[PDB]
């Protein structure tokens, strides 16, 4: 039983040129790349992505920080929504555990390199927001017998 999560490399991940390192951390667990697209995020899509923060005082600055190149991604694996959140670490890098992306790469929450869906409902919504169904690619990893019990 696998699931799919939406992971997005933020403009800081692009500009610091750590895209490959980020992808490698998820590939290392045998997570499958189901979708991937470079785009430039717009305020319109970011308002919907961050709909849960509508009307809040930090939202305008958050949208500004995120208006730039982003790598949209879908990864598949067992419990991958919760596991990817664990791998990213706490929102504030200073509170994130050693060995997580945010602790290993970042200093402040406003430049914390990566987004990941936080629940099954948010993963389904975010994947549908950033990807059309034809962009989601179905294939089986050749090492599946050695990844899944």
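Residue numbers count along the first chain shown, from 1.
Trainee: Quick one: say whether 110-118 or 44-52 has the higher mean Cα B-factor in the deposited entry.
Mentor: In the deposited entry, the stretch with the higher C-alpha B-factor mean is 44-52.
Trainee: Averaging CA B factors per stretch from the PDB record, which one is higher: 26-34 or 62-70?
Mentor: Comparing averages over the C-alpha atoms only gives 62-70.
Trainee: Out of 88, 82, 97, 123, which residue has the highest Cα temperature factor in the PDB record?
Mentor: Answer, based on the entry's C-alpha B-factors: 97.
Trainee: Which third, lowest, middle or highest, does the CA B-factor of residue 140 fall in along this chain?
Mentor: Answer is middle: the recorded C-alpha B-factor places it there.
Trainee: Among the modelled residues of its chain, does the C-alpha B-factor of residue 16 lie in the lowest, middle or highest third?
Mentor: As the PDB entry reports it, the C-alpha B-factor of residue 16 lands in the lowest third of its chain.
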